[PDB]
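Colleague: Got a structure for you, work_32.cif, holding mmCIF, C-alpha atoms.
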```cif
data_my_file
#
loop_
_atom_site.label_atom_id
_atom_site.label_comp_id
_atom_site.auth_asym_id
_atom_site.auth_seq_id
_atom_site.Cartn_x
_atom_site.Cartn_y
_atom_site.Cartn_z
CA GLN A 1398 5.51 6.59 4.64
CA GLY A 1399 6.72 9.69 2.88
CA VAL A 1400 5.96 11.88 5.84
CA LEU A 1401 8.49 9.89 7.93
CA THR A 1402 11.34 12.01 6.54
CA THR A 1403 10.29 15.10 8.50
CA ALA A 1404 12.07 13.27 11.32
CA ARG A 1405 15.36 12.57 9.46
CA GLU A 1406 18.42 13.35 11.56
CA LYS A 1407 21.91 11.96 12.10
CA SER A 1408 23.17 13.26 15.44
CA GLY A 1409 26.71 12.27 16.43
CA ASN A 1410 27.64 11.50 20.01
CA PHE A 1411 26.91 15.04 21.14
CA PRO A 1412 23.79 17.13 20.42
CA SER A 1413 24.23 20.22 18.27
CA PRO A 1414 24.88 23.32 20.42
CA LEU A 1415 21.96 24.94 18.60
CA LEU A 1416 19.43 22.72 20.39
CA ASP A 1417 20.56 24.50 23.54
CA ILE A 1418 18.65 27.82 23.71
CA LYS A 1419 21.43 29.42 25.77
CA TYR A 1420 24.03 28.80 23.04
CA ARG A 1421 21.75 30.58 20.63
CA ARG A 1422 21.20 33.23 23.32
CA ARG A 1423 24.92 33.96 23.44
CA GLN A 1424 25.45 34.01 19.68
CA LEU A 1425 22.34 36.17 19.25
CA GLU A 1426 23.20 39.03 21.60
CA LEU A 1427 26.75 38.48 20.42
CA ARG A 1428 25.68 39.61 16.95
CA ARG A 1429 23.42 42.17 18.67
CA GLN A 1430 26.50 43.80 20.16
CA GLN A 1431 28.43 43.18 16.98
CA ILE A 1432 25.52 45.01 15.39
CA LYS A 1433 25.26 48.04 17.64
CA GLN A 1434 28.97 48.81 16.98
CA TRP A 1435 28.52 48.66 13.21
CA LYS A 1436 25.55 51.00 13.62
CA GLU A 1437 27.96 53.69 14.84
CA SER A 1438 30.89 52.79 12.58
CA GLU A 1439 28.45 53.54 9.73
CA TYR A 1440 27.31 56.84 11.26
CA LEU A 1441 30.96 57.88 11.32
CA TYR A 1442 31.46 56.87 7.69
CA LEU A 1443 28.42 58.98 6.67
CA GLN A 1444 29.78 62.02 8.45
CA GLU A 1445 32.96 61.82 6.35
CA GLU A 1446 31.26 61.07 3.03
CA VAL A 1447 29.01 64.10 3.82
CA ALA A 1448 31.68 66.79 3.58
CA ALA A 1449 33.60 64.49 1.22
CA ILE A 1450 31.13 65.30 -1.57
CA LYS A 1451 30.91 68.93 -0.48
CA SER A 1452 34.57 69.25 -1.50
CA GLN A 1453 34.03 67.57 -4.89
CA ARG A 1454 30.81 69.40 -5.78
CA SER A 1455 31.15 71.91 -8.61
CA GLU A 1456 28.92 75.02 -8.56
CA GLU A 1457 26.92 73.92 -11.65
CA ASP A 1458 25.98 70.75 -9.76
CA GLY A 1459 22.74 70.77 -7.79
CA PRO A 1460 22.95 72.11 -4.19
CA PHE A 1461 22.88 69.02 -1.92
CA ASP A 1462 20.22 69.30 0.78
CA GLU A 1463 22.41 68.18 3.64
CA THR A 1464 19.22 67.85 5.69
CA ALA A 1465 17.55 65.82 2.94
CA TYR A 1466 20.54 63.64 2.03
CA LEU A 1467 21.57 63.11 5.67
CA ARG A 1468 18.00 62.35 6.70
CA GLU A 1469 17.38 59.53 4.22
CA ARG A 1470 20.88 58.28 4.99
CA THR A 1471 20.45 58.11 8.76
CA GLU A 1472 16.95 56.62 8.54
CA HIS A 1473 18.50 54.03 6.25
CA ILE A 1474 21.26 53.15 8.72
CA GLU A 1475 18.42 52.72 11.20
CA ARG A 1476 16.33 50.41 9.01
CA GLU A 1477 19.42 48.54 7.87
CA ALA A 1478 20.41 48.05 11.49
CA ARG A 1479 16.92 46.90 12.48
CA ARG A 1480 16.92 44.61 9.49
CA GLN A 1481 20.26 43.16 10.44
CA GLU A 1482 18.79 42.50 13.91
CA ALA A 1483 15.75 40.52 12.88
CA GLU A 1484 17.99 38.69 10.40
CA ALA A 1485 20.43 37.43 13.03
CA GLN A 1486 17.33 36.83 15.13
CA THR A 1487 16.20 34.69 12.20
CA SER A 1488 19.33 32.57 11.87
CA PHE A 1489 19.35 31.83 15.61
CA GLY A 1490 15.74 31.46 16.66
CA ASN A 1491 13.68 30.66 13.60
CA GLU A 1492 15.60 28.99 10.83
CA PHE A 1493 18.73 27.68 12.57
CA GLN B 1398 -3.08 44.77 -14.14
CA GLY B 1399 -2.17 42.78 -11.08
CA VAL B 1400 1.29 42.04 -12.33
CA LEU B 1401 2.03 45.79 -12.34
CA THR B 1402 2.88 45.67 -8.64
CA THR B 1403 6.12 43.73 -9.22
CA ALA B 1404 7.41 47.15 -10.10
CA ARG B 1405 6.00 48.77 -6.89
CA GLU B 1406 8.66 51.07 -5.47
CA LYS B 1407 8.81 54.46 -3.76
CA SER B 1408 12.37 55.74 -4.06
CA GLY B 1409 13.10 59.08 -2.41
CA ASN B 1410 15.48 61.60 -3.93
CA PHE B 1411 18.43 59.27 -3.62
CA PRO B 1412 18.68 55.59 -4.65
CA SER B 1413 19.10 53.03 -1.89
CA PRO B 1414 22.80 52.30 -1.28
CA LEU B 1415 21.95 48.63 -1.80
CA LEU B 1416 21.41 49.11 -5.55
CA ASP B 1417 25.13 49.94 -5.66
CA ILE B 1418 27.00 46.62 -5.80
CA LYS B 1419 30.05 48.21 -4.18
CA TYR B 1420 28.13 49.25 -1.07
CA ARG B 1421 27.04 45.63 -0.72
CA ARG B 1422 30.62 44.62 -1.45
CA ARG B 1423 31.84 46.62 1.54
CA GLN B 1424 29.20 45.45 3.93
CA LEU B 1425 29.70 41.87 2.78
CA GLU B 1426 33.42 41.51 3.34
CA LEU B 1427 32.83 43.70 6.37
CA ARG B 1428 30.78 40.90 7.88
CA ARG B 1429 33.29 38.44 6.37
CA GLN B 1430 36.01 39.97 8.49
CA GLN B 1431 33.59 40.39 11.37
CA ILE B 1432 33.03 36.66 10.85
CA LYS B 1433 36.61 35.42 10.71
CA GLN B 1434 37.26 37.09 14.11
CA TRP B 1435 34.28 35.40 15.74
CA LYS B 1436 35.57 32.11 14.32
CA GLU B 1437 38.62 32.42 16.55
CA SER B 1438 36.88 34.03 19.53
CA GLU B 1439 34.77 30.84 19.55
CA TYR B 1440 37.84 28.55 19.28
CA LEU B 1441 39.21 30.27 22.37
CA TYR B 1442 35.94 29.81 24.27
CA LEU B 1443 35.96 26.07 23.45
CA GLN B 1444 39.49 25.70 24.77
CA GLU B 1445 38.38 27.06 28.15
CA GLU B 1446 35.11 25.12 28.35
CA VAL B 1447 37.22 22.02 27.52
CA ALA B 1448 39.25 21.92 30.72
CA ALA B 1449 36.36 23.75 32.45
CA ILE B 1450 34.34 20.50 32.47
CA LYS B 1451 37.44 18.42 33.25
CA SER B 1452 37.57 20.18 36.63
CA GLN B 1453 33.86 19.60 37.35
CA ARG B 1454 33.77 15.96 36.20
CA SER B 1455 33.32 13.46 39.00
CA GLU B 1456 34.93 9.98 38.62
CA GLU B 1457 31.55 8.16 38.33
CA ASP B 1458 30.77 10.37 35.31
CA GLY B 1459 31.66 9.01 31.89
CA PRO B 1460 35.24 9.70 30.65
CA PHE B 1461 34.94 12.57 28.12
CA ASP B 1462 36.65 11.71 24.83
CA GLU B 1463 38.48 15.00 24.45
CA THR B 1464 39.22 13.93 20.86
CA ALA B 1465 35.56 13.07 20.25
CA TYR B 1466 34.03 16.07 22.04
CA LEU B 1467 36.61 18.54 20.65
CA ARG B 1468 36.24 17.10 17.14
CA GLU B 1469 32.45 17.57 16.84
CA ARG B 1470 32.86 20.96 18.49
CA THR B 1471 35.52 22.28 16.11
CA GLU B 1472 33.76 20.87 13.03
CA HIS B 1473 30.69 22.66 14.30
CA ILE B 1474 32.47 25.98 14.65
CA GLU B 1475 33.53 25.38 11.05
CA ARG B 1476 30.04 24.67 9.72
CA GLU B 1477 28.55 27.44 11.85
CA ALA B 1478 31.13 29.83 10.42
CA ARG B 1479 30.50 28.70 6.84
CA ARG B 1480 26.78 28.99 7.47
CA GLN B 1481 27.18 32.50 8.84
CA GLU B 1482 29.08 33.34 5.65
CA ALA B 1483 26.51 32.24 3.12
CA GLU B 1484 23.89 33.89 5.33
CA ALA B 1485 25.49 37.34 5.22
CA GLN B 1486 26.10 36.55 1.56
CA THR B 1487 22.35 36.02 1.40
CA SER B 1488 21.35 39.31 3.00
CA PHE B 1489 23.67 41.27 0.73
CA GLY B 1490 23.54 39.58 -2.66
CA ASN B 1491 20.35 37.56 -2.92
CA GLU B 1492 17.58 38.81 -0.69
CA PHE B 1493 18.61 42.38 0.14
CA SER C 1253 -15.06 24.18 -12.97
CA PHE C 1254 -11.59 25.50 -12.15
CA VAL C 1255 -10.19 24.98 -8.68
CA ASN C 1256 -9.00 28.58 -8.61
CA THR C 1257 -12.31 30.17 -9.57
CA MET C 1258 -13.44 29.74 -6.02
CA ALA C 1259 -10.28 31.51 -4.93
CA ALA C 1260 -10.93 34.21 -7.53
CA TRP C 1261 -14.48 34.90 -6.37
CA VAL C 1262 -13.16 35.42 -2.84
CA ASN C 1263 -10.95 38.20 -4.17
CA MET C 1264 -13.66 39.72 -6.37
CA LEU C 1265 -16.18 40.11 -3.55
CA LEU C 1266 -14.23 40.60 -0.34
CA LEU C 1267 -10.50 41.31 -0.33
CA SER C 1268 -9.58 43.20 -3.51
CA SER C 1269 -5.85 42.60 -3.56
CA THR C 1270 -2.84 42.35 -5.80
CA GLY C 1271 -1.59 39.52 -3.64
CA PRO C 1272 -0.08 36.21 -4.69
CA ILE C 1273 -2.45 33.35 -5.49
CA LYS C 1274 -1.28 29.78 -5.54
CA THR C 1275 -4.09 27.26 -5.50
CA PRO C 1276 -3.12 23.61 -4.87
CA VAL C 1277 -4.55 20.20 -5.65
CA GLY C 1278 -3.25 17.77 -3.06
CA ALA C 1279 -6.25 15.42 -3.32
CA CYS C 1280 -7.42 14.25 0.13
CA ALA C 1281 -4.59 16.18 1.84
CA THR C 1282 -5.10 19.46 -0.02
CA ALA C 1283 -6.02 21.58 2.98
CA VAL C 1284 -2.65 20.95 4.61
CA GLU C 1285 -0.57 21.45 1.43
CA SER C 1286 -2.39 24.79 1.24
CA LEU C 1287 -1.14 25.69 4.71
CA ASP C 1288 2.36 24.85 3.51
CA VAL C 1289 2.04 26.88 0.32
CA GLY C 1290 0.59 29.84 2.21
CA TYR C 1291 3.24 29.45 4.94
CA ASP C 1292 6.19 29.46 2.55
CA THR C 1293 4.77 32.30 0.47
CA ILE C 1294 4.48 34.44 3.60
CA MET C 1295 8.02 33.56 4.71
CA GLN C 1296 9.40 34.92 1.45
CA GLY C 1297 8.02 38.44 1.65
CA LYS C 1298 5.39 37.58 -0.96
CA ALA C 1299 2.65 38.50 1.50
CA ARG C 1300 1.95 39.09 5.17
CA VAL C 1301 -1.71 38.11 5.55
CA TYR D 1687 -9.21 53.22 -5.03
CA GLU D 1688 -11.05 55.34 -7.57
CA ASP D 1689 -10.16 54.12 -11.04
CA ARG D 1690 -7.97 57.10 -11.98
CA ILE D 1691 -5.56 56.33 -9.13
CA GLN D 1692 -5.17 52.62 -9.71
CA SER D 1693 -1.80 52.59 -11.46
CA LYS D 1694 -0.35 54.83 -8.77
CA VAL D 1695 -1.68 52.82 -5.83
CA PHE D 1696 -0.38 49.64 -7.45
CA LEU D 1697 3.10 51.16 -7.64
CA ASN D 1698 3.45 53.13 -4.43
CA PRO D 1699 4.47 50.31 -2.02
CA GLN D 1700 3.37 52.47 0.90
CA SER D 1701 0.03 53.75 -0.33
CA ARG D 1702 -2.48 52.69 2.32
CA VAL D 1703 -6.21 53.17 2.93
CA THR D 1704 -7.42 55.92 5.25
CA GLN D 1705 -10.67 56.05 7.20
CA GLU D 1706 -13.16 58.32 5.46
CA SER D 1707 -16.16 60.58 6.15
CA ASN D 1708 -18.89 57.93 5.83
CA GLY D 1709 -16.90 55.18 7.56
CA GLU D 1710 -15.61 53.65 4.34
CA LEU D 1711 -12.00 52.62 3.79
CA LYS D 1712 -10.63 54.27 0.64
CA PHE D 1713 -7.27 55.06 -0.80
CA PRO D 1714 -6.97 58.85 -0.65
CA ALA D 1715 -6.59 61.03 -3.80
#
```
Output the file's structure as structure tokens, nothing else.
Modeller:
Amino acid sequence: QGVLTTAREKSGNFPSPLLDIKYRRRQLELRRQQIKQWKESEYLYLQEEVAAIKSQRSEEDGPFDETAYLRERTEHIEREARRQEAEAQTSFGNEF
Amino acid sequence: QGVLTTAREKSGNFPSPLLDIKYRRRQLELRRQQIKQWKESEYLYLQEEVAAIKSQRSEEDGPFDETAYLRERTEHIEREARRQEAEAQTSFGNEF
Amino acid sequence: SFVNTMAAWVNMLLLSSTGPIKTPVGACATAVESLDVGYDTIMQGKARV
Amino acid sequence: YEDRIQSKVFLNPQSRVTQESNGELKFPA
């Protein structure tokens, strides 16, 4: 009876909130909001750091393709945001 | 040469921010702060929901051990916070 | 005579891939252990199909 | 992939097969 331990559980008097899909619902779109606000906070930060290395760049240093550098950087904030989504989606729907 | 693909990577002109431990540092303790504030926001919400089911409880319904129910519920917010920690710790230090 | 030579031939005739290969020997219950192994491997970014 | 490309295909984590002119799936040069 090894396989019996896939049913091991010690629940107290009250079921874990997580068994309630609504609780997870809240917490999920909680982090979804919490996420959308970071997404911007990071856009801001990139704006600054953009002209912040324009002011430090010497003339012997390579010309920074603002279009290039800011492209990869925005696309990244996108991915990273998307990632962060699925990941909170993971800890609340899949692997909680 | 199968094993060659453990070095599969297409980096652009600029290295991913994530290779920089500091960037991950920021984002980590960013979510650590973002986490500590949820921890309280949830404590609040439990306070309300506490007396919010005292007002709806009929007298034929079982007496709710406020000590019992509020114990398991706080402990849970603790775990759930701790969990959320390691998990952001995961997505920024281990599996990024 | 190797358990994984079957697996190999599958890759040498059909799906030429640099994918993971983990071939199990769970006696009578092999087929399920394989589902597990495959399952876990996929849930770790090791492979999608 | 043709043999000459192999190392590249193995290392470009985005290299993917395109439909070709006979109907055969190949990695492109």
Colleague: Expanded to explicit residues, what is the PyMOL selection byres ((chain B) within 8 of (chain C)) for this file, as a ChimeraX atom specification?
Modeller: /B:1399-1400,1402
Colleague: Would you mind exporting the chosen residues as a PDB file, keeping the file's coordinate frame, restricted to C-alpha atoms?
Modeller:
```
ATOM      1  CA  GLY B1399      -2.170  42.780 -11.080  1.00  0.00           C
ATOM      2  CA  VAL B1400       1.290  42.040 -12.330  1.00  0.00           C
ATOM      3  CA  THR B1402       2.880  45.670  -8.640  1.00  0.00           C
TER       4      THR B1402
END
```
Colleague: What's the separation between atom CA of residue 1420 of chain B and atom CA of residue 1427 of chain A, in Å to one decimal place?
Modeller: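 Separating atom CA of residue 1420 of chain B from atom CA of residue 1427 of chain A is a distance of 24.1 Å.
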Colleague: Please identify all residues of chain D having at least one atom at most 12 Å from any atom of chain C, considering only C-alpha atoms, and return them as number ranges by chain.
Modeller: D: 1687, 1692-1693, 1695-1697, 1699, 1712
Colleague: Using all atoms listed in the file, which residues of chain B come within 8 Å of chain A, and what is the closest atom pair for each, with the distance in Å to one decimal? Give it as JSON lines, sorted by chain and residue number.
Modeller:
```
{"residue": "B:1409", "atom": "CA", "partner": "A:1469", "partner_atom": "CA", "distance": 7.9}
{"residue": "B:1411", "atom": "CA", "partner": "A:1466", "partner_atom": "CA", "distance": 7.4}
{"residue": "B:1466", "atom": "CA", "partner": "A:1411", "partner_atom": "CA", "distance": 7.3}
{"residue": "B:1469", "atom": "CA", "partner": "A:1411", "partner_atom": "CA", "distance": 7.5}
{"residue": "B:1473", "atom": "CA", "partner": "A:1413", "partner_atom": "CA", "distance": 8.0}
```
Colleague: Report the distance between atom CA of residue 1444 of chain B and atom CA of residue 1471 of chain B in Å, rounded to one decimal place.
Modeller: 10.1 Å
Colleague: Give me, as a ChimeraX atom specification, the residues of chain B touching chain D, with the criterion being at most 7 Å (counting all atoms listed in the file).
Modeller: /B:1401-1402,1404-1407
Colleague: May I ask for the distance between atom CA of residue 1282 of chain C and atom CA of residue 1298 of chain C, given in Å to one decimal place?
Modeller: 21.0 Å
Colleague: Residues at most 12 Å from residue 1287 of chain C, counting all atoms listed in the file, excluding those fewer than 5 positions away in the same chain, as a PyMOL selection string?
Modeller: chain C and resi 1274-1276+1278+1281-1282+1292-1294
Colleague: Write out as a list in words each polymer residue whose atoms come within 9 Å of segment 1257-1262 of chain C, counting only C-alpha atoms; drop sequence neighbours fewer than 4 positions from it.
Modeller: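 Those residues are residues 1253, 1266, 1267, 1268, 1273 and 1275 of chain C.
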Colleague: Around all the atoms of segment 1286-1301 of chain C listed in the file, with 8 Å of room on each side, what axis-aligned box do you get, giving centre and edge lengths in Å to one decimal, as JSON?
Modeller:
```
{"center_x": 3.5, "center_y": 31.9, "center_z": 2.3, "size_x": 27.8, "size_y": 30.3, "size_z": 22.5}
```
